[PDB]
Amino acid sequence: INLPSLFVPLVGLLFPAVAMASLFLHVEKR
Amino acid sequence: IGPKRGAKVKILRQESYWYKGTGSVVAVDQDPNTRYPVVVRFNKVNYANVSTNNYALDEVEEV
Amino acid sequence: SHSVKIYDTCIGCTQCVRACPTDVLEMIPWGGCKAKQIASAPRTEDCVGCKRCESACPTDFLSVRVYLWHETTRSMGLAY
Amino acid sequence: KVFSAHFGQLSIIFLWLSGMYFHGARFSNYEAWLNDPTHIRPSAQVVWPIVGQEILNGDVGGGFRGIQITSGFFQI
Amino acid sequence: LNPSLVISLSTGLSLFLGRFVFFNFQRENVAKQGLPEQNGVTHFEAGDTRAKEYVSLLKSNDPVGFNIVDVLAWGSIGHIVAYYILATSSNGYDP
Amino acid sequence: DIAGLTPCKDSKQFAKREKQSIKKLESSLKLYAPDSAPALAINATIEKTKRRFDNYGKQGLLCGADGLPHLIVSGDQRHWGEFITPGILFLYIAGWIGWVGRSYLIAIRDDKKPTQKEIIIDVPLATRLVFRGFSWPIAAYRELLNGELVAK
Amino acid sequence: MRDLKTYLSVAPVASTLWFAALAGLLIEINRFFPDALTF
Amino acid sequence: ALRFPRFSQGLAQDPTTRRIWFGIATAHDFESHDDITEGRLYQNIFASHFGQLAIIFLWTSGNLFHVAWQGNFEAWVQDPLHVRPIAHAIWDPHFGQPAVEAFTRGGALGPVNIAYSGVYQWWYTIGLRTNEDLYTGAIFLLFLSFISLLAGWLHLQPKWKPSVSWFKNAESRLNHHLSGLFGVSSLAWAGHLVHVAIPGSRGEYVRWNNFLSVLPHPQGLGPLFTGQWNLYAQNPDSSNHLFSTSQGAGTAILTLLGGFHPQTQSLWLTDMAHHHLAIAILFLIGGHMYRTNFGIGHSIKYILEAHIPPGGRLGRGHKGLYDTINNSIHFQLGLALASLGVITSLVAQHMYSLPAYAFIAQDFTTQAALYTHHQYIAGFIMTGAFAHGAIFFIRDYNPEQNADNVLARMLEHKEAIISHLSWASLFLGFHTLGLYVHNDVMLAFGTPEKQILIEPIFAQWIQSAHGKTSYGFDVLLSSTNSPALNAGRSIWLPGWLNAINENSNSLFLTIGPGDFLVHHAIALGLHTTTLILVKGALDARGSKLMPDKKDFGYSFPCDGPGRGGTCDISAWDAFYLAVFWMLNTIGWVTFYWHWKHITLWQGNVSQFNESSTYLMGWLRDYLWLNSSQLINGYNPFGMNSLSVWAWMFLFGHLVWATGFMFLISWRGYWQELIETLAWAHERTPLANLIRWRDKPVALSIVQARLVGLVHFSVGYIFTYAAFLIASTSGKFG
Ligand code: CLA
Ligand code: CLA
Ligand code: CLA
Ligand code: CLA
Ligand code: CLA
Ligand code: CLA
Ligand SMILES: CC1=C(/C=C/C(C)=C/C=C/C(C)=C/C=C/C=C(C)/C=C/C=C(C)/C=C/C2=C(C)CCCC2(C)C)C(C)(C)CCC1
Ligand SMILES: CC1=C(/C=C/C(C)=C/C=C/C(C)=C/C=C/C=C(C)/C=C/C=C(C)/C=C/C2=C(C)CCCC2(C)C)C(C)(C)CCC1
Ligand SMILES: CC1=C(C/C=C(\C)CCC[C@H](C)CCC[C@H](C)CCCC(C)C)C(=O)c2ccccc2C1=O
């Protein structure tokens, strides 16, 4: 539990948010 | 010039609905500036419900 | 912009020009058919690609052909 | 055209009702159903015996065998 | 069965066959369908520098031109025929 | 027997099935007076059930563990009634229909407006072609041998 | 009358009569020789 | 060429949301990027394969890692028939306490998922025993994942970019792939079976630290090099051998016994070692066929060119085909997908009937998932094989350089080909459906003895030729004095005849009328799916309705409402249509596999033999009967470990049904609707302040076909997998 409680929110909340924000700026750039 | 009226010609234009079929010559335009002067009539319409088309002398063969 | 092309089997009957909803096409003088005119496509940036023109065309194998291509706000028909 | 077509439709409905009343008269357990409506199942269609299809003539009560109807004509 | 005798007799005959009885035929056929080509041109001629035929190895002072590749090829068939005969005799199969 | 089956005439599950079936109908039979129309009808089904089971037994049908007849279509001569024979009959009739159908399209193909006899049957013409079907194997083989059956 | 005979020959009308006749024939063969699985 | 789709300025300049969608969808179609060359095309593909290898290795590495870290492998290997194998731990903060309890299974200390992939049986059979064994395996695959990315990057650098001419050296790649990729790998795999896997099965522990000091066989390599090869088969494991113990353990390393290890119900390891050694020898010899740098070998082009029948019935035979194939990557991938699709089905058919992994035969849910997983993978792969045949015909086919050869002659008689597939599909559909409907009516009317129930005599005769005695046909290996029986009596036939006549395994199951009907259903599906696909490929270049179709490419929305209407006229649309038919077909085959096995496992094949001859039987006694535990995975009274599958089961129904929206409603309806939302957005205060950077537009015609197809396929698969797993695992067959 000491690691799943770290990686599950990281890969399921932080990484997708950081990825979705990254891709939003690349696709919108000109 | 061209095949006579009422000639029975086989169609050799590949993209034609009547390709390899036969139709009847309606008229041949005698103006030598006419690229496709052979008017041909067919007994079945194509997908556009059209029954006649103009062809080149090299696209038509009397049979 | 979509590409529109005319082929020399055109009999110059004008039916595509009348069908066009954005004035892409016009008749121009030609010596190749009895009607002594052929179609032309000088304004394809307004072309939306409805293909009303192909529906109008009488030639066994279309004399006017529309190749849908790069979309713009004109080809997509957007009013916003 | 729509006026005479309406007459056509009314003709069809009356013919439809004719058959409904005719089957109640000729191929039904309505007379038996009047004596015991809580138990006897309304039936007004009977299939001929062919290719095993008699099994659709069900034991609906009233000494009758037929298809149970749900149009409600008996209650009418 | 003596393994060395079987192996060296098989390889001997295979090498003998490839040098004296089958040599012309094998060479004729290789000349007939020669190097692999892509679009009318050998792989090397098309730029596949790693497809260069090693003429250095193919050279031989043997009278008919029997070279080191022929020894590997016919010598391999001999060892395969030999070990087929040895293993097949090692079992006690009954048909 | 073939495919581990046994003749339906020797099969215990086949016999059980007939028995359970008649018992089913008799449960309904006992609801009605013996002269009544339902009694006669259920009895008619019962006799037909009995005729059917004896008939399948006497025709040589093989049965599986399920007690049901299983058809042997392999060619085996004890079972030609299960495929070869009704199949020859099907092909004979099917070819008759198609040969007659082609006769009519050919008969009208050179007419003035041919699609007119395709939506409005020329029944007189059809009564004259309907019996060409009787000999379609000979007629179709003959049109083949002399270039008339297929176009080039 | 000849107009009526033409209508009676139209595809749908000729089809129901043809298939009605067919259905009657197949039904009566099945009433006379029911439950035929072989042949 | 300045925003998102850097490879398509045509799309970069699209002002609508369409730009983003199509940028994603076309990223891997290298041929259609701005300014591709032949070289760049090969080079991108080549590096893309290294990335695909890297993902494959990375994925396997995680599976190993998660089993070692969170699974019960060490308890499974000590009692393989009484431990549900664990896939990985679950950590979901949405769970309520009853979900935490229900999912706590195996020997685990918390909620876990049970693995239906079969990796425990696989890894155990080949020698893995300890969590450490698994860890260093994962690390090694992680290293391979990294190396694969290094080479991928490397070969995209100008110093290391391979030339087109190298990618087209066909003779050299074949020699190396046959003898090396296939042969040496098979030889090496036999080396692993002999050195590690077989000692593992005999209760010995051979690892890198000790494998140099232990002999795989007491006689060493002596017998190998002297030709006395029989010595290696001498003292095989007892038929009473207990796997992973020395009880009844022999010393043979290479055997030919046929049949099954009686306790594990899977193939003998010493048979599988002999198999990999034998085919290796064949691959190693076969990989010497083609000419490279040494002046011997064949020219594939010359071989093709020679194969023309004198008499002309194939025109110019195979002339030109070397460069047609060697210059078209869609041709190559078509052959690759076609071949891989056949052998993926082969894998599914052979693994369920001749399992290689100890204690997988009795893990019913695993066998069900494995068969179903590969038959669906195989189906998709087969549709791709024809889709790239179509793409070949449009992008790559040169009519003049193929003039009159076997490939051109296919186009010449496409109407003959297509109309006979049409005929075969019509025949199979009318009669298969007609026969089921007849039987249903007979059941409906209480007269099941009036069914048409044709015996699958041809297949039963084949099972008898294989030695099965169920049918009394007494042929070949079922005979008593056939030379076939006599020749193999001394070798593999004792173990084979035993296995084939044991009617509680899956080797050549007994078949009756139910197996007949659904096999013609299956032949219907194969014929109809290929009809769509062959018609799609052969008309891709042109039809009478669109004789210039090749000028429009593989996928285009249509050709407009003129000439009578032309929706779904492209080769891409024929693919799209065929996916429905492939999903149909695999559905039929997997329904059949599952229902035949679940009634086998339950001990009453007669439920299938009787209920399968009519379609109400399938609906009621297969789907409805086997849904009762699944739909109760949660109910007003609580939930259990079947809760996930109950939820995914409905999820699958929902995704599938959402697909119907994109498939049935078409674009124009939605474009006009979106316009009123553009208006509404530009007229709503506060929201007026916010503006989109991409103009909202309805999806494209083709796009919607795809989105609908994807929803349909996804829900199709998730619905059936949830049902398959829950129904089988809720009872264990
Ligand atoms: C190879 C595929 C793979 C897959 C599908 C999973 C799946 C999972 N892991 Mg796991 N893991 C893997 C490899 C993998 N693992 C490897 C190699 C390691 C060791 C480095 C770990 C170490 C690890 C830990 C420590 C934990 C998980 C956890 C989890 C679970 C939650 C997701 C998460 O936190 O990820 C964690 C992911 C990482 C730590 C990253 C390592 C994986 C590689 C480097 C990234 C893979 C990228 C991916 C394939 C992109 C492909 C798409 C691309 C083409 C665009 C989930 C079941 C958690 C768990 O058990 O939940 C209960 C948890 O606590 N993983
Ligand atoms: C909506 C109206 C309706 C419907 C659906 C039915 C349905 C039925 N009736 Mg019923 N019936 C109706 C009205 C209806 N009836 C009316 C109004 C009467 C009083 C006249 C009857 C009197 C009646 C009797 C006396 C009997 C039935 C029977 C039946 C059953 C079998 C009929 C059968 O196979 O005929 C056989 C099929 C045909 C005759 C069709 C022949 C096919 C031809 C070729 C079609 C001709 C098409 C032509 C172009 C158009 C002709 C139009 C013309 C009338 C001007 C069936 C359930 C039978 C029954 O229940 O037995 C147990 C029965 O004996 N009915
Ligand atoms: C003269 C009638 C006739 C004849 C001889 C054929 C013959 C053929 N058809 Mg065709 N067909 C017909 C009518 C006919 N068809 C009609 C009406 C349709 C529309 C439903 C089709 C639709 C059709 C398809 C979709 C396919 C064929 C195919 C075929 C070939 C293989 C056999 C087959 O599949 O049968 C199939 C037959 C049908 C699907 C339905 C036809 C059955 C009708 C009932 C018969 C015609 C009745 C007609 C009204 C008779 C009136 C005559 C009267 C006035 C005297 C063969 C050339 C197949 C092929 O090309 O294989 C190479 C194929 O794929 N046909
Ligand atoms: C001995 C030399 C050698 C070897 C080992 C390889 C190996 C390979 N090459 Mg090749 N190559 C070679 C020489 C060699 N090459 C030469 C000389 C050239 C130039 C002429 C090339 C040019 C070349 C190109 C251009 C490409 C490759 C590619 C590949 C890879 C194919 C993808 C893959 O993993 O297939 C794995 C295949 C197998 C292991 C064979 C088995 C196949 C069967 C169907 C599966 C059997 C399944 C079996 C039952 C498994 C059991 C189940 C499992 C769970 C245990 C593979 C690594 C491709 C690649 O991916 O690049 C990175 C690629 O694009 N090669
Ligand atoms: C070796 C395997 C292989 C390879 C290398 C290729 C390579 C290619 N194919 Mg091909 N194909 C294959 C297998 C393969 N295919 C198979 C198995 C099929 C059957 C489905 C097809 C069907 C096919 C078609 C129909 C088409 C291609 C196309 C293409 C080209 C570009 C694809 C592209 O940009 O899409 C890139 C795609 C993406 C970046 C994302 C796609 C996402 C997919 C569509 C949905 C995934 C759903 C996913 C499971 C969601 C899960 C949900 C979750 C809750 C579980 C490229 C040349 C296209 C082309 O350009 O040809 C002219 C084209 O139209 N192929
Ligand atoms: C259960 C649904 C269903 C059914 C029955 C069919 C049926 C068929 N499809 Mg289809 N299809 C479906 C779903 C279905 N499809 C879906 C979801 C898609 C994805 C878009 C497609 C896409 C598709 C394509 C692209 C192709 C087919 C083809 C076919 C034909 C296959 C050959 C065959 O079985 O011939 C037998 C015919 C049938 C089984 C049809 C039903 C016959 C009926 C039952 C007979 C009716 C008799 C009765 C007297 C009628 C009374 C009615 C009354 C009102 C008058 C057949 C017409 C192929 C084709 O045309 O091959 C020639 C083909 O190319 N289909
Ligand atoms: C110069 C000269 C001479 C000499 C020569 C010689 C003497 C030769 C020899 C040679 C040899 C002597 C050779 C050899 C070769 C060999 C080889 C080349 C081999 C191969 C092998 C292989 C290939 C194998 C394989 C395998 C394995 C490994 C395992 C098992 C199986 C098998 C078998 C398959 C003389 C006198 C004559 C004359 C004069 C001159
Ligand atoms: C369109 C196109 C294409 C495609 C194609 C395809 C997709 C195909 C498929 C195909 C397939 C998918 C096929 C398959 C086949 C199979 C086979 C051919 C098999 C055979 C078999 C055999 C022969 C066997 C036998 C046997 C037995 C049975 C028993 C044991 C013994 C033996 C082994 C002898 C391509 C790319 C080319 C290109 C061009 C275009
Ligand atoms: C309903 C739908 C509409 C409208 C739906 C469109 C506008 C999609 C809007 C989707 C929004 C943006 C939500 C998307 C949610 C997805 C899960 C996002 C996935 C993102 C991927 C890149 C991973 C049309 O586009 C129409 C076009 C052609 C005929 C059928 C369709 C279809 O019927």
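The analysis underlying the following values was restricted to heavy atoms, covering all of them including side chains, and did not include hydrogens, waters or symmetry mates. The sequence lines fix the lettering, A, B, ..., with proteins before strands; numbering per chain opens at 1.
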query: Checking H/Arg541 side chain against H/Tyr397 main chain: does a donor-acceptor pair fall under 3.5 Å?
result: yes

- prompt: Got a sec, which residues hit ring-ring contact (aromatic ring centres under 6.0 Å, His included) with H/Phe65, two or more places apart in sequence or on another chain?
  reply: H/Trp69

- request: Compare every heavy atom of H/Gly341 with every heavy atom of H/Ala378, then report the nearest pair and how far apart it is.
  value: CB-O, 3.8 Å

statement: All heavy atoms of H/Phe30 vs all of H/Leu41, minimum pair found to be CB-CD1, 3.6 Å

- prompt: Within the side chain of C/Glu45, is there an N or O that forms a donor-acceptor pair under 3.5 Å with the backbone of C/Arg74?
  reply: no

- request: For the pair H/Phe103 and H/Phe95, evaluate ring-ring contact (aromatic ring centres under 6.0 Å, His included) and give the outcome as yes or no after the intermediate values.
  value: CA-CA 10 Å; H/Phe103 283 92; H/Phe95 273 31; 5.5 Å; yes

message: With rounding to the nearest 0.5 angstrom, report the CD1 to OG distance, H/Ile55 to H/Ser61.
response: 13.5 Å

message: Just so I know, are the side chains of H/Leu577 and H/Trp581 near enough to count as touching, which here means a heavy-atom distance under 4.5 Å?
response: no

message: Taking side chain to side chain donor-acceptor pair (under 3.5 Å) as the cut-off, I'd like each qualifying pair that reaches into residues 553-573 of chain H, sequence neighbours left out, listed once.
response: C/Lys51-H/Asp559, C/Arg65-H/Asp559, H/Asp559-H/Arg563, H/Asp568-H/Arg705, H/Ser570-H/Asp573, H/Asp573-H/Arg705

query: Once you round to the nearest 0.5 Å, how far does CD1 of H/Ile139 lie from CG of H/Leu64?
result: 10.5 Å

task: Please test C/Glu26 against C/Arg43 for salt bridge (charged side-chain N to carboxylate O under 4.0 Å, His left out), starting from the C-alpha separation and ending with a verdict.
output: CA-CA 9 Å; C/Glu26 59 196 20; C/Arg43 298 179 286 271; 3.2 Å; yes

- prompt: Atom CG in H/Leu144, atom CD1 in H/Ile56: separation rounded to 0.5 Å?
  reply: 12.0 Å

query: Less than 4.0 Å between a side-chain N and a carboxylate O, is that true for H/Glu682 and H/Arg691?
result: no

- prompt: Hey, does H/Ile569 have a side-chain heavy atom less than 4.5 Å from the side chain of H/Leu545?
  reply: yes

- prompt: What residues form a ring-ring contact (aromatic ring centres under 6.0 Å, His included) with H/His374, not counting sequence neighbours?
  reply: none

query: Do the side chain of H/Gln332 and the main chain of H/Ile325 share a donor and acceptor less than 3.5 angstrom apart?
result: yes

message: Just so I know, are the side chains of H/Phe662 and H/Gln703 near enough to count as touching, which here means a heavy-atom distance under 4.5 Å?
response: no

query: Are the aromatic ring centres of H/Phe651 and H/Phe718 under 6.0 angstrom apart?
result: yes

message: To the nearest 0.5 Å, what is the distance between CE on H/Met382 and CD1 on H/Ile586?
response: 9.5 Å

message: What I'd like to find out is whether the side chain of H/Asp694 reaches to under 4.5 Å of the side chain of A/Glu28, using heavy atoms alone.
response: yes

message: In terms of relative ring orientation, are H/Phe660 and H/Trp656 parallel, tilted or perpendicular, with 30° and 60° separating the classes?
response: tilted

message: Less than 4.5 Å apart, side chain to side chain, heavy atoms only: is that true for H/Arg3 and H/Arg19?
response: yes

query: Can you tell me how far the OG1 atom of H/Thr585 sits from the CZ atom of H/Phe580, to the nearest 0.5 Å?
result: 13.5 Å

message: Below 30° counts as parallel, above 60° as perpendicular, anything between as tilted: where do the rings of C/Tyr80 and H/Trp692 land?
response: perpendicular

message: Please enumerate all residues that pass ring-ring contact (aromatic ring centres under 6.0 Å, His included) together with H/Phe649, with sequence neighbours excluded.
response: H/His653

task: Could you list the residues that satisfy ring-ring contact (aromatic ring centres under 6.0 Å, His included) with H/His330, not counting sequence neighbours?
output: H/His388

query: Between H/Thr16 and H/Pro696, is any pair of side-chain heavy atoms under 4.5 Å apart?
result: no

message: Checking side-chain polar atoms at under 3.5 Å, does H/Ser32 have a donor or acceptor matched by the opposite partner on H/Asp29?
response: yes

message: Using 30° and 60° as the class boundaries, would you call the ring planes of H/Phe46 and H/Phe167 parallel, tilted or perpendicular?
response: perpendicular

Parallel, tilted or perpendicular: ring planes of H/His88 versus H/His66, cut at 30 and 60 degrees: perpendicular

- prompt: With sequence neighbours left out, what residues match H/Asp396 under side chain to side chain donor-acceptor pair (under 3.5 Å)?
  reply: H/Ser328

- prompt: Going by atom types alone, do H/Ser665 and H/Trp670 pair a side-chain donor with an acceptor below 3.5 Å?
  reply: yes

query: Taking NZ, NE, NH1 and NH2 as the nitrogens, is one of them in H/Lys168 or H/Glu38 under 4.0 Å from a carboxylate oxygen of the other?
result: yes

- prompt: CZ/H/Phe22 to OG1/H/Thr17 distance, rounded to the nearest 0.5 angstrom?
  reply: 10.5 Å

